[PDB]
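First up is the structure itself, then whatever we jot down about it.
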Amino acid sequence: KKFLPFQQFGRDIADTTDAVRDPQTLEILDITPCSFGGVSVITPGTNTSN
Amino acid sequence: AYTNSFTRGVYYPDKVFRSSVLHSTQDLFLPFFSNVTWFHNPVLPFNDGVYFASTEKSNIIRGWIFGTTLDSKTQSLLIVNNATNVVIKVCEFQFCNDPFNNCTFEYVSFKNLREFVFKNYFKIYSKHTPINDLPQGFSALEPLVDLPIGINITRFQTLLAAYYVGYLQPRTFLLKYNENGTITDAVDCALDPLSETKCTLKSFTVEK
Amino acid sequence: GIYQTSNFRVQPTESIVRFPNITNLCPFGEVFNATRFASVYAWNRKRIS
Ligand SMILES: *[C@@H]1O[C@H](CO)[C@@H](O)[C@H](O)[C@H]1NC(C)=O
Ligand SMILES: *[C@@H]1O[C@H](CO)[C@@H](O)[C@H](O)[C@H]1NC(C)=O
């Protein structure tokens, strides 16, 4: 990303803060949310196997 | 004397990058197509805030003064340029009736259009472009300066070129950022029924 | 069947803090390390700002 020299935070669509500008070496950093999601358990019937 | 503001008097209301997006805001912006008082010495109200723009060839305008009375009675903000340095301070100055103590802040650093927004504590935004009567066009004024001073401003003056002034009003605006974080167009959402529509839809293109 | 029964979530390792390269410090050598100190009938009074 290429932000203008005064810009500190980045924003995406629904006000999702998407980037920041590091104030100690002038890098724009893309933020990924820490990974999460549903867990599913796939089973034959317990009458068949555990 | 007066002139049309057109599409000018727009700035970034926050230090935030946004791209290819039609961000809506309510803030102190210049109403589109409003009269702008025109000058070429006098004293003016600061209002809620000021848009100021000057077209120059010979660098006539050097700065501004702000406060309540602008002659000894209290700390009054000053900006002044002389040679290769810009000098900015807030002291209780015995300023002249017609120019051309106690510091809480001191700092030392037609063919040109220079543009400035002054607003409440205090902020300066600007732009410049070369030119060839304020021009029909658009760009947004980038922030230059934050002054944490808290000075109680209500009136202001120029230090000396055609130049124009208008006063900011708290209106809703739709601001179109490009791929590169830059505001490249805007809608004044209370200008006309089509602008009320572009802001209802959050869209710069309106279908039938 | 397939049953949805929990939510996964990677937790943080530690906490970063970021602010400007620290600069424009007040010259305390003008109050605590100066070459002279004032009286007790009229003191040096300084607006640090
Ligand atoms: C901060 O300090 C480093 C050296 O430690 C320097 O290389 C860097 O450019 C500085 N960044 C800013 C924005 O001051
Ligand atoms: C974006 O930035 C590049 C320079 O890196 C510039 O050439 C290009 O014209 C810019 N795009 C827009 C839409 O202004």
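Within each chain, counting starts at residue 1; across the structure tokens, chains are named A, B, ... in the order shown, with ligands numbered 1 upward in that order.
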Sorted by chain and rising residue number, which residues of chain A lie within 12 Å of ligand 2, and what are their closest atom pairs and distances in Å to one decimal, counting only C-alpha atoms and all ligand atoms, as a Markdown table?
```
| residue | atom | partner | partner_atom_place_in_ligand_line | distance |
| --- | --- | --- | --- | --- |
| A:1 | CA | ligand 2 | 5 (O) | 10.4 |
| A:2 | CA | ligand 2 | 5 (O) | 7.9 |
| A:3 | CA | ligand 2 | 2 (O) | 9.9 |
| A:4 | CA | ligand 2 | 2 (O) | 10.3 |
```
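With a cut-off of 6 Å and using only C-alpha atoms and all ligand atoms, the polymer residues contacting ligand 1 are residues 23, 24, 25 and 26 of chain A; 21 of chain C.
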Any chance you could tabulate, as a tab-separated table, the residues of chain B at most 12 Å from chain C with each one's nearest atom pair and distance in Å to one decimal, using only C-alpha atoms, in chain and rising number order?
```
residue	atom	partner	partner_atom	distance
B:102	CA	C:47	CA	10.5
B:103	CA	C:47	CA	9.9
B:104	CA	C:49	CA	7.4
B:105	CA	C:49	CA	8.3
B:106	CA	C:49	CA	10.7
B:148	CA	C:49	CA	10.7
B:149	CA	C:49	CA	10.3
```
Pull out every residue of chain B that has at least one atom within 10 Å of chain A, counting only C-alpha atoms, and report them as a list in words. residues 12, 14, 15, 16, 17, 18, 19, 20, 21, 22, 23, 142, 143, 144, 179, 180, 181 and 182 of chain B
With a distance threshold of 7 Å and counting only C-alpha atoms, extract the residues of chain C near chain A and express them as a ChimeraX atom specification. /C:1-10,18-21
Residues near residue B:197, anyone? I mean within 12 Å using only C-alpha atoms, not counting same-chain ones fewer than 5 positions away, as a list in words. residues 174, 187, 188, 189, 190, 191, 192, 202, 203, 204, 205, 206, 207 and 208 of chain B
So that I can check the secondary structure, give me every residue of chain A assigned strand (DSSP E) by backbone DSSP, as a count of residues only. 20
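For the pair atom CA of residue B:25 and atom CA of residue B:2, the interatomic distance is 28.3 Å.
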Pick out the residues sitting within 12 Å of residue B:66, and hand them over as an mmCIF file with N, CA, C and O atoms, in the first residue's frame; count only C-alpha atoms, and ignore anything fewer than 3 positions along from it in its own chain.
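In the end it all went to selection.cif:
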```cif
data_model
loop_
_atom_site.group_PDB
_atom_site.id
_atom_site.type_symbol
_atom_site.label_atom_id
_atom_site.label_comp_id
_atom_site.auth_asym_id
_atom_site.auth_seq_id
_atom_site.Cartn_x
_atom_site.Cartn_y
_atom_site.Cartn_z
ATOM 1 N N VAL B 43 -10.155 43.600 8.345
ATOM 2 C CA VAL B 43 -10.278 42.694 9.501
ATOM 3 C C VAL B 43 -11.594 41.925 9.424
ATOM 4 O O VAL B 43 -12.613 42.516 9.071
ATOM 5 N N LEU B 44 -11.588 40.628 9.750
ATOM 6 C CA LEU B 44 -12.696 39.706 9.482
ATOM 7 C C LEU B 44 -12.990 38.801 10.695
ATOM 8 O O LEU B 44 -12.066 38.446 11.426
ATOM 9 N N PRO B 45 -14.239 38.369 10.920
ATOM 10 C CA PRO B 45 -14.547 37.288 11.857
ATOM 11 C C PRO B 45 -13.900 35.955 11.442
ATOM 12 O O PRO B 45 -13.917 35.577 10.273
ATOM 13 N N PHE B 46 -13.393 35.174 12.397
ATOM 14 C CA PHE B 46 -12.882 33.812 12.143
ATOM 15 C C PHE B 46 -14.007 32.768 11.958
ATOM 16 O O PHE B 46 -13.772 31.700 11.403
ATOM 17 N N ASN B 47 -15.244 33.081 12.369
ATOM 18 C CA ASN B 47 -16.384 32.156 12.363
ATOM 19 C C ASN B 47 -16.046 30.857 13.132
ATOM 20 O O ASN B 47 -15.198 30.842 14.025
ATOM 21 N N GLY B 49 -14.565 28.587 11.536
ATOM 22 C CA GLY B 49 -13.319 28.355 10.818
ATOM 23 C C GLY B 49 -13.340 29.023 9.444
ATOM 24 O O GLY B 49 -14.391 29.434 8.946
ATOM 25 N N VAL B 50 -12.174 29.112 8.817
ATOM 26 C CA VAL B 50 -11.905 29.936 7.633
ATOM 27 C C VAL B 50 -11.337 29.078 6.509
ATOM 28 O O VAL B 50 -10.398 28.318 6.720
ATOM 29 N N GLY B 63 1.363 36.286 5.737
ATOM 30 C CA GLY B 63 0.866 35.599 6.926
ATOM 31 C C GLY B 63 -0.492 36.072 7.428
ATOM 32 O O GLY B 63 -1.255 36.708 6.699
ATOM 33 N N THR B 69 -9.154 40.683 19.727
ATOM 34 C CA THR B 69 -8.990 42.133 19.461
ATOM 35 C C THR B 69 -7.709 42.504 18.703
ATOM 36 O O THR B 69 -7.651 43.560 18.075
ATOM 37 N N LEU B 70 -6.705 41.618 18.702
ATOM 38 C CA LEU B 70 -5.512 41.683 17.842
ATOM 39 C C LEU B 70 -4.689 42.981 18.032
ATOM 40 O O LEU B 70 -4.080 43.488 17.092
ATOM 41 N N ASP B 71 -4.655 43.507 19.261
ATOM 42 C CA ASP B 71 -3.881 44.695 19.666
ATOM 43 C C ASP B 71 -3.694 44.718 21.196
ATOM 44 O O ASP B 71 -4.521 45.239 21.939
ATOM 45 N N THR B 74 -4.617 40.481 24.767
ATOM 46 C CA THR B 74 -4.471 39.035 25.052
ATOM 47 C C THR B 74 -3.473 38.361 24.092
ATOM 48 O O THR B 74 -3.035 38.984 23.123
ATOM 49 N N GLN B 75 -3.072 37.111 24.353
ATOM 50 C CA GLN B 75 -2.219 36.323 23.452
ATOM 51 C C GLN B 75 -2.916 36.080 22.112
ATOM 52 O O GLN B 75 -3.990 35.479 22.052
ATOM 53 N N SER B 76 -2.303 36.561 21.031
ATOM 54 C CA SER B 76 -2.855 36.516 19.673
ATOM 55 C C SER B 76 -1.908 35.751 18.740
ATOM 56 O O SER B 76 -0.710 36.026 18.700
ATOM 57 N N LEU B 77 -2.426 34.743 18.028
ATOM 58 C CA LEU B 77 -1.625 33.915 17.127
ATOM 59 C C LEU B 77 -1.124 34.743 15.945
ATOM 60 O O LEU B 77 -1.896 35.453 15.316
ATOM 61 N N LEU B 78 0.145 34.579 15.606
ATOM 62 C CA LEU B 78 0.828 35.215 14.493
ATOM 63 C C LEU B 78 1.590 34.171 13.676
ATOM 64 O O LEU B 78 2.255 33.301 14.236
ATOM 65 N N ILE B 79 1.542 34.327 12.357
ATOM 66 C CA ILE B 79 2.407 33.655 11.384
ATOM 67 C C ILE B 79 3.010 34.732 10.487
ATOM 68 O O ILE B 79 2.266 35.576 9.990
ATOM 69 N N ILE B 88 6.483 31.781 13.736
ATOM 70 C CA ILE B 88 5.117 31.566 14.238
ATOM 71 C C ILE B 88 5.121 31.686 15.764
ATOM 72 O O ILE B 88 5.884 30.997 16.438
ATOM 73 N N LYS B 89 4.276 32.540 16.344
ATOM 74 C CA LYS B 89 4.245 32.773 17.801
ATOM 75 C C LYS B 89 2.930 33.376 18.281
ATOM 76 O O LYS B 89 2.117 33.803 17.473
ATOM 77 N N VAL B 90 2.691 33.364 19.593
ATOM 78 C CA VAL B 90 1.373 33.682 20.196
ATOM 79 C C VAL B 90 1.367 34.848 21.199
ATOM 80 O O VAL B 90 0.438 34.994 21.981
ATOM 81 N N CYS B 91 2.414 35.661 21.239
ATOM 82 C CA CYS B 91 2.641 36.669 22.284
ATOM 83 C C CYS B 91 1.601 37.845 22.267
ATOM 84 O O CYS B 91 0.848 38.035 21.313
ATOM 85 N N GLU B 92 1.542 38.569 23.380
ATOM 86 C CA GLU B 92 0.632 39.698 23.509
ATOM 87 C C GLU B 92 1.265 40.864 22.777
ATOM 88 O O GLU B 92 1.942 41.697 23.380
ATOM 89 N N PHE B 93 1.043 40.921 21.469
ATOM 90 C CA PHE B 93 1.646 41.971 20.657
ATOM 91 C C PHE B 93 0.786 43.234 20.531
ATOM 92 O O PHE B 93 -0.383 43.193 20.146
ATOM 93 N N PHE B 95 0.272 45.119 18.116
ATOM 94 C CA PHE B 95 0.150 45.240 16.666
ATOM 95 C C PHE B 95 -0.422 46.599 16.240
ATOM 96 O O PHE B 95 -1.298 47.166 16.889
ATOM 97 N N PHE B 118 -8.159 27.153 8.041
ATOM 98 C CA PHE B 118 -7.880 27.401 9.442
ATOM 99 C C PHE B 118 -9.104 27.015 10.271
ATOM 100 O O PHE B 118 -10.206 27.503 10.018
ATOM 101 N N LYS B 119 -8.937 26.146 11.265
ATOM 102 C CA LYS B 119 -10.057 25.656 12.077
ATOM 103 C C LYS B 119 -9.660 25.271 13.496
ATOM 104 O O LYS B 119 -8.505 24.961 13.756
ATOM 105 N N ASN B 120 -10.643 25.265 14.396
ATOM 106 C CA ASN B 120 -10.519 24.724 15.753
ATOM 107 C C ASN B 120 -10.616 23.184 15.780
ATOM 108 O O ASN B 120 -11.524 22.580 15.191
ATOM 109 N N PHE B 122 -6.143 24.270 17.489
ATOM 110 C CA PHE B 122 -6.062 24.892 16.164
ATOM 111 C C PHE B 122 -5.303 24.044 15.127
ATOM 112 O O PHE B 122 -4.247 23.494 15.425
ATOM 113 N N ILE B 151 -5.655 28.820 22.086
ATOM 114 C CA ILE B 151 -5.932 30.269 22.062
ATOM 115 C C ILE B 151 -7.384 30.536 21.623
ATOM 116 O O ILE B 151 -7.844 29.989 20.624
ATOM 117 N N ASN B 152 -8.105 31.388 22.352
ATOM 118 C CA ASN B 152 -9.520 31.693 22.119
ATOM 119 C C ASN B 152 -9.700 32.652 20.918
ATOM 120 O O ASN B 152 -9.760 33.871 21.078
ATOM 121 N N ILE B 153 -9.735 32.117 19.695
ATOM 122 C CA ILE B 153 -9.823 32.905 18.447
ATOM 123 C C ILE B 153 -11.288 33.157 18.048
ATOM 124 O O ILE B 153 -12.109 32.247 18.074
ATOM 125 N N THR B 154 -11.597 34.383 17.617
ATOM 126 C CA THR B 154 -12.917 34.808 17.095
ATOM 127 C C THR B 154 -12.822 35.749 15.886
ATOM 128 O O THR B 154 -13.783 35.891 15.133
ATOM 129 N N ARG B 155 -11.662 36.392 15.728
ATOM 130 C CA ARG B 155 -11.396 37.333 14.632
ATOM 131 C C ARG B 155 -10.013 37.086 14.015
ATOM 132 O O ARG B 155 -9.174 36.429 14.636
ATOM 133 N N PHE B 156 -9.767 37.640 12.822
ATOM 134 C CA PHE B 156 -8.511 37.425 12.108
ATOM 135 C C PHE B 156 -8.189 38.491 11.047
ATOM 136 O O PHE B 156 -9.041 39.286 10.650
ATOM 137 N N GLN B 157 -6.930 38.529 10.612
ATOM 138 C CA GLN B 157 -6.386 39.488 9.648
ATOM 139 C C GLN B 157 -5.366 38.850 8.705
ATOM 140 O O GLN B 157 -4.709 37.874 9.058
ATOM 141 N N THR B 158 -5.197 39.454 7.527
ATOM 142 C CA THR B 158 -4.134 39.139 6.555
ATOM 143 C C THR B 158 -2.891 40.005 6.794
ATOM 144 O O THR B 158 -3.015 41.163 7.196
ATOM 145 N N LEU B 159 -1.699 39.500 6.473
ATOM 146 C CA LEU B 159 -0.463 40.280 6.335
ATOM 147 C C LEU B 159 -0.018 40.296 4.868
ATOM 148 O O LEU B 159 0.129 39.242 4.257
#
```
Please report the interatomic distance between atom CA of residue B:52 and atom CA of residue B:184 in Å with one decimal.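 The value is 20.1 Å.
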So that I can see what lies close to residue B:56, please list as a VMD selection string the residues with an atom at most 6 Å from it, counting only C-alpha atoms and leaving out residues fewer than 3 positions away in the same chain. chain B and resid 59 110 to 112 161
Selection to disk with N, CA, C and O atoms, as a short mmCIF file (atom, residue, chain, number, x, y, z; two decimals), in the first residue's frame:
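As written to disk, selection_21.cif reads:
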```
data_model
loop_
_atom_site.label_atom_id
_atom_site.label_comp_id
_atom_site.auth_asym_id
_atom_site.auth_seq_id
_atom_site.Cartn_x
_atom_site.Cartn_y
_atom_site.Cartn_z
N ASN B 59 4.40 37.26 -4.75
CA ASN B 59 4.43 36.83 -3.34
C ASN B 59 4.00 37.92 -2.33
O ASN B 59 4.73 38.23 -1.39
N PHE B 110 -2.17 35.94 -12.66
CA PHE B 110 -1.41 35.33 -11.56
C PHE B 110 -0.89 33.93 -11.94
O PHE B 110 -1.46 33.30 -12.84
N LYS B 111 0.16 33.43 -11.27
CA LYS B 111 0.82 32.15 -11.61
C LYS B 111 0.92 31.12 -10.49
O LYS B 111 1.14 29.95 -10.79
N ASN B 112 0.66 31.48 -9.24
CA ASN B 112 0.53 30.53 -8.12
C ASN B 112 -0.82 30.67 -7.42
O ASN B 112 -1.19 31.77 -7.04
N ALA B 161 -2.16 40.95 -5.82
CA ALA B 161 -2.59 39.61 -5.45
C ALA B 161 -4.08 39.58 -5.09
O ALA B 161 -4.49 40.13 -4.06
#
```
Distance atom CA of residue B:117-atom CA of residue B:80, one decimal place?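 If I compute the distance from atom CA of residue B:117 to atom CA of residue B:80, I get 16.6 Å.
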